[PDB]
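Here the structure comes first, spelled out in structure tokens, and everything after it is commentary.
Just so we're on the same page: letters track the sequence lines, and every chain starts at 1.
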Number of protein chains: 2
Amino acid sequence: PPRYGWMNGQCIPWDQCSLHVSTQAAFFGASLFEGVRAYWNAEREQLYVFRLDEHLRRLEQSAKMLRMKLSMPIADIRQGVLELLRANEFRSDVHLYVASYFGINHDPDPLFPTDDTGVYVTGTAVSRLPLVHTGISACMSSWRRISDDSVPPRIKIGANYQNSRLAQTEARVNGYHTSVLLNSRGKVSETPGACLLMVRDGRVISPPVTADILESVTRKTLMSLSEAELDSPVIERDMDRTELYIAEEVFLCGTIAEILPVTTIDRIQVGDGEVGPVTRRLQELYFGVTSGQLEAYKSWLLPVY
Amino acid sequence: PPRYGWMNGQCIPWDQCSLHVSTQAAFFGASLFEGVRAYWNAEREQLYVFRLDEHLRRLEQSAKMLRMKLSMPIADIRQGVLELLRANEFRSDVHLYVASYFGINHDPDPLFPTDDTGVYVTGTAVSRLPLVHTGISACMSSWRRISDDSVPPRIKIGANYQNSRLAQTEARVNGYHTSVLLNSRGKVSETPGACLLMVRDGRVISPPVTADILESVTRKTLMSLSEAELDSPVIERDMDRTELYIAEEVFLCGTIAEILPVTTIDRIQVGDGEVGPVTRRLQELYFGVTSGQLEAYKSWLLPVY
Ligand SMILES: *Cc1c(COP(=O)(O)O)cnc(C)c1O
Ligand SMILES: *Cc1c(COP(=O)(O)O)cnc(C)c1O
């Protein structure tokens with residue numbers, strides 16, 4: 001485990017990174033959060049946080065819809081990420097959670113938000129799953145994705161993961177790495193913890209932001225890279241379940257997930273069942289960008305030391 | 001605030017009733033819980049927990065769907081409720097939360113449930129809102145109720161309250177005590193924290209358990225009372241929004257809510273705008289039962305001292 005976490009402006013022993021059970025955060029999962037990765041480059045001896053700004057922008061914007069006042073400005077939270085990476089002396093890849101959470105209730109009504117707000121940042125060392133090279137199996141879920149006008153999947157909040165937990169538990173129980181949820185219009189949305197893209201007739205295709213998905217930072221990154229580097233704009237259109245059986249390639253992306261090739265869906269082979277060239281190409285760009293090997297994209301990276 | 005709470009088999013100072021931020025409970029709101037009320041009877045000097053068994057039965061059954069192993073048997077949790085009421089020396093009405101929660105992750109996948117499980121019980125003194133006598137205003141919500149095959153409202157888990165928080169925040173922002181959500185079939189489901197019933201053509205009517213509601217203990221109680229005492233079985237049928245404008249009465253029920261008469265919906269007067277006779281009658285029965293004044297129903301009550 002790591003030595004420290006960071007809460008409300010200071011590093012503190014990991015041991016005592018705690019919320020009272022009566023806080024809205026602990027009880028309801030009412031924490032708005034961002035997953036952020038830092039990538040270690042051995043040649044150079046540097047750690048690069050990836051697109052922290054896009055993450056912080058999304059947190060601040062999501063806080064509006066929740067009527068949640070940030071406990072401190074995002075600039076200070078940026079400072080926090082730095083303090084935390086450094087206090088733990090991480091010399092490898094790191095997964096971070098940066099959170100703004102509701103605290104103790106200020107009101108007789110327990111379902112109304114409070115003004116008592118805090119922030120914390122957690123990081124743990126991680127390394128790349130061999131599944132990134134191998135490819136994974138997915139199944140279609142029996143669960144339907146939560147809807148925008150009910151519990152918006154566009155807000156990355158602790159509470160919104162129940163829909164994910166059910167889909168993901170079922171997938172694993174049935175022998176798959178993950179599953180694909182249809183939304184209430186019967187179209188492809190995403191996977192419990194990652195956006196889904198496919199290749200058909202030479203084009204990269206992904207569901208639009210109205211398909212009940214989170215608007216992934218990694219998704220947006222791949223869209224830019226496909227456009228700028230492969231001269232292949234990603235087409236955002238609704239997708240059907242049965243298209244995945246005929247696509248040339250399918251793969252998933254997100255901060256934690258990185259880029260995961262999907263080689264079987266419900267045990268049907270995607271294309272010829274191998275990791276596809278577009279996937280590989282996008283993996284090469286993405287790993288290149290995040291580790292700081294491609295100068296053109298350097299302004300996405302925050303050096304830590 | 002109360003002096004103690006109860007966690008994992010023991011009373012401990014309220015101050016240190018805490019979860020680590022990395023627990024599934026803290027982060028996702030992955031706590032299965034029951035609201036339970038204890039009622040103080042001044043003549044007699046006794047505290048009666050109401051229908052604890054029905055609450056414990058629902059918790060254990062809900063734990064199955066979540067693949068959550070109870071940390072201890074329900075009999076021990078019953079013991080816990082007693083220990084806690086007594087350690088705090090409560091001599092008035094009490095609201096309790098009894099919770100089984102997921103702890104630290106045992107698995108690389110953060111969306112898969114762990115076997116590290118605990119339980120806790122919280123209680124605070126409360127007293128009856130004057131709104132029980134006055135009646136409240138409701139509005140129809142712009143938010144739609146979460147669905148069974150997405151995030152089941154039948155499971156009372158921390159995480160499932162986001163849908164409630166949004167509806168309830170909006171209600172209060174707009175000058176109402178609460179709101180009524182339609183489900184995805186466009187029918188009446190419930191209110192953020194209470195089931196809804198109405199009276200039309202002399203009959204008490206409530207949405208069925210397939211309208212995306214929690215199967216309320218208070219709901220079931222009122223159904224028995226209406227049947228046994230008023231000779232008026234509650235009819236369980238879908239209800240439309242526009243029926244509430246023409247009903248003779250509307251009222252809400254749940255543990256925390258008790259029985260709340262609803263005298264306006266979207267500022268339209270329900271019936272003649274006064275608390276209705278059926279509501280009053282059901283309030284009299286319900287307050288009679290819970291405080292231990294009606295011997296016929298004594299076996300619903302658990303005496304504490
Ligand atoms: C966080 C998340 C993703 C990944 O998005 P990023 O912004 O790339 O981290 C995808 N889907 C869901 C459901 C998520 O919560
Ligand atoms: C707990 C709850 C109720 C009330 O049910 P009881 O079993 O009477 O306590 C009603 N609706 C919702 C959404 C709830 O979570």
Side-chain angles (χ1 to χ4, degrees), chain A residues 5 7 14-31 33 65-67 97 99 101 107-113 120 122 124 129 142-147 149-152 155 157-169 172-173 177-178 184 192-193 256, chain B residues 5 7 14-31 33 65-67 97 99 101 107-113 120 122 124 129 142-147 149-152 155 157-169 172-173 177-178 184 192-193 256:
Chain A
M7 308 197 66
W14 174 242
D15 182 321
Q16 332 155 298
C17 291
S18 269
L19 301 163
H20 196 279
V21 286
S22 72
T23 67
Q24 299 185 354
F27 187 85
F28 294 116
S31 302
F33 78 96
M65 174 269 333
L66 296 171
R67 308 179 212 259
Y97 289 89
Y101 68 81
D107 188 298
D109 178 6
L111 291 156
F112 191 82
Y120 69 71
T122 260
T124 68
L129 309 76
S142 56
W143 298 93
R144 289 291 176 107
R145 191 72 174 111
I146 203 6
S147 253
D149 191 48
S150 186
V151 173
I155 301 322
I157 191 177
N160 248 308
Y161 277 85
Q162 184 71 355
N163 185 223
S164 294
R165 291 168 49 66
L166 290 162
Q168 184 65 15
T169 304
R172 298 287 305 297
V173 160
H177 297 90
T178 194
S184 65
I256 276 264
Chain B
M7 308 197 66
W14 174 242
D15 182 321
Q16 332 155 298
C17 291
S18 269
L19 301 163
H20 196 279
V21 286
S22 72
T23 67
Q24 299 185 354
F27 187 85
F28 294 116
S31 302
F33 78 96
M65 174 269 333
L66 296 171
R67 308 179 212 259
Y97 289 89
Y101 68 81
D107 188 298
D109 178 6
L111 291 156
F112 191 82
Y120 69 71
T122 260
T124 68
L129 309 76
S142 56
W143 298 93
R144 289 291 176 107
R145 191 72 174 111
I146 203 6
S147 253
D149 191 48
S150 186
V151 173
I155 301 322
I157 191 177
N160 248 308
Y161 277 85
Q162 184 71 355
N163 185 223
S164 294
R165 291 168 49 66
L166 290 162
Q168 184 65 15
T169 304
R172 298 287 305 297
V173 160
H177 297 90
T178 194
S184 65
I256 276 264

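Listed options B:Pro192, B:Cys17, B:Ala159 were ranked by heavy-atom pairs under 4.5 angstrom with chain A; first place goes to B:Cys17. Note on B:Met7, B:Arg145, B:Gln16, B:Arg67: by heavy-atom pairs under 4.5 Å with chain A, the leading option is B:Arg67. Interface check for chain B: of the options A:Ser150, A:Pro108, A:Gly29, the most heavy-atom pairs under 4.5 Å are formed by A:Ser150.
Contact check for A:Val151 versus B:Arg165: no side-chain heavy atoms found under the 4.5 Å cut-off. Contact annotation: the side chain of A:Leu166 approaches that of B:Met65 to within less than 4.5 Å [non-hydrogen atoms, C-beta and beyond].
Contacts of A:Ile256 with chain B are absent, with no heavy-atom separation under 4.5 Å from either backbone or side chain. A:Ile155 does not touch chain B: none of its heavy atoms, backbone or side chain, sits under 4.5 Å away. If you measure heavy-atom distances from B:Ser142 to chain A, the contacts under 4.5 Å come from the backbone alone. Of the atoms belonging to B:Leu129, not a single heavy atom falls under 4.5 Å from chain A. Interface remark: A:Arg144 contributes backbone and side-chain atoms alike to the contact with chain B (heavy atom separation under 4.5 Å).
Listed here is the closest heavy atom pair of B:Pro152 and A:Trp143: CD-CZ3, 4.1 Å. Of all heavy-atom pairs between B:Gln162 and A:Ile157, the closest is NE2-CD1, 3.8 Å. A pairwise comparison of heavy atoms in A:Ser164 and B:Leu111 identifies CB-CD2, 4.0 Å as the closest pair. Of all non-hydrogen atoms in B:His20 and A:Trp14, the two that sit nearest each other are NE2-O, 2.9 Å.
With sequence neighbours excluded, the residues satisfying ring pair (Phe, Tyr, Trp, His ring centres under 6.0 Å) with B:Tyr161 are A:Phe28, B:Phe33.
Partner B:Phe27 forms a ring pair (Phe, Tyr, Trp, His ring centres under 6.0 Å) with one of A:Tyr101, A:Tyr97, A:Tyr120 and no other, that one being A:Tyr97.
The CD atom of B:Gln168 sits 4.5 Å away from atom CG of A:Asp109, with the distance rounded to the nearest 0.5 Å. One distance of note links CG of A:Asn163 with OG of B:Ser147; it measures 10.5 Å at 0.5 Å rounding.
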